[PDB]
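Inside the fold
Read off the chains here:
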Amino acid sequence: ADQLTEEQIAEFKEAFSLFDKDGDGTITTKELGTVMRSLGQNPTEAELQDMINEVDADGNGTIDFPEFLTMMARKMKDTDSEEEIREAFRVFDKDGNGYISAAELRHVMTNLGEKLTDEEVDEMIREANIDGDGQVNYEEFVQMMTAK
């Protein structure tokens, strides 16, 4: 669960820094809207308040960088997902740098849970361009998951 893409997250942290009271990096619901505006968006104190009213139970009342991503992803509705997927595979890439196990891979399909039931993912994993024992070019699986 790395939320948006590392890049968008990089520029986000920057904003999260421009606004940092605890000196650590977190911010207060009050500066929230101010941070969202700095990122490059233009939310409304209304919806912005709708999210705060929720995270207003952390105990301290302040929001941390991660929690801020969550509320930030709800407005942007994540990306093309191609990111959460690519990483889903790296979670196993043991130096292979280009291939992952087919078994574990099947597990990745369980985490995402798109629209390819085991039967669909099976017919695929069955011939995902394999050749060795059970390796799979996750890279090809990342795009081949969308195809036409």
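Residues numbered from 1 in each chain as written, not as in the entry; some residues may be left out. Heavy atoms only, no water.

The deposited coordinates, according to the entry record, derive from solution NMR.

With respect to unusual backbone geometry
Stated formally: Runs of H or I in DSSP of at least four residues are treated as helices and runs of E of at least two as strands, each being numbered from the N terminus. For each residue, the accessible area found with a 1.4 Å probe, counting protein chains only, is set against the maximum for its type, and the residue is called buried under 20%, exposed over 50%, and partly exposed in between.
Phi at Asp78 takes a positive value of approximately 50°, unusual for a residue other than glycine. Here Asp78 lies in the loop between α4 (65-76) and α5 (82-90). Overall, the relative accessible area of 32% leaves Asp78 in the partly exposed class.

Quick notes on a negative patch on the surface
Quick reminder of the rule: What goes into a patch is any residue over 30% in relative accessible area without a salt bridge, connected to like charges within 9 Å or, for nonpolar side chains (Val, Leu, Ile, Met, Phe, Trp, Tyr), within 5 Å. Note on areas: these come from Shrake-Rupley sampling with a 1.4 Å probe, and a residue is covered only by the protein chains present in the view. Put simply, a salt bridge is a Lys or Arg side-chain nitrogen that is within 4 Å of an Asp or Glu carboxyl oxygen. Counted as positive: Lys and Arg. Counted as negative: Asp and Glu, with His and the chain ends omitted from the count. All charge positions are set by atom: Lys at NZ, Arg at CZ, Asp at CG, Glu at CD.
Together, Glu6, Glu7, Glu11 and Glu14 line one region of the surface with negative charge. Secondary-structure assignment places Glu6 in helix α1 (residues 6-18). By relative accessible area, which is 55% here, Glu6 ends up exposed.

Things to note about the packing of aromatic side chains
Here is the rule: Stacked, tilted and edge-to-face are the three classes applied to pairs of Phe, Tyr and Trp rings, where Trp contributes its six-membered ring and a pair requires centres within 6.5 Å; stacked means planes under 30 degrees apart, edge-to-face means over 60, and tilted covers the rest.
Taken as a whole, this structure holds six aromatic pairs when the rule is applied. Note on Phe12 and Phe68: the rings are 6.3 Å apart at their centroids and 70° apart in plane angle, and the pair reads as edge-to-face. Pair noted here: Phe12 is in helix α1 and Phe68 is in helix α4, with a separation of 56 residues, a long-range link. Residue class for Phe68 comes out buried when judged on its relative accessible area of 0%. A centroid spacing of 5.1 Å and a plane angle of 50° characterise the contact between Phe16 and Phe65, whose relative ring orientation is tilted. Of this pair, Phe16 sits in helix α1 while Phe65 is found in helix α4, placing the two residues 49 residues apart along the sequence. By relative accessible area, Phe16 is classed as buried at 4%.

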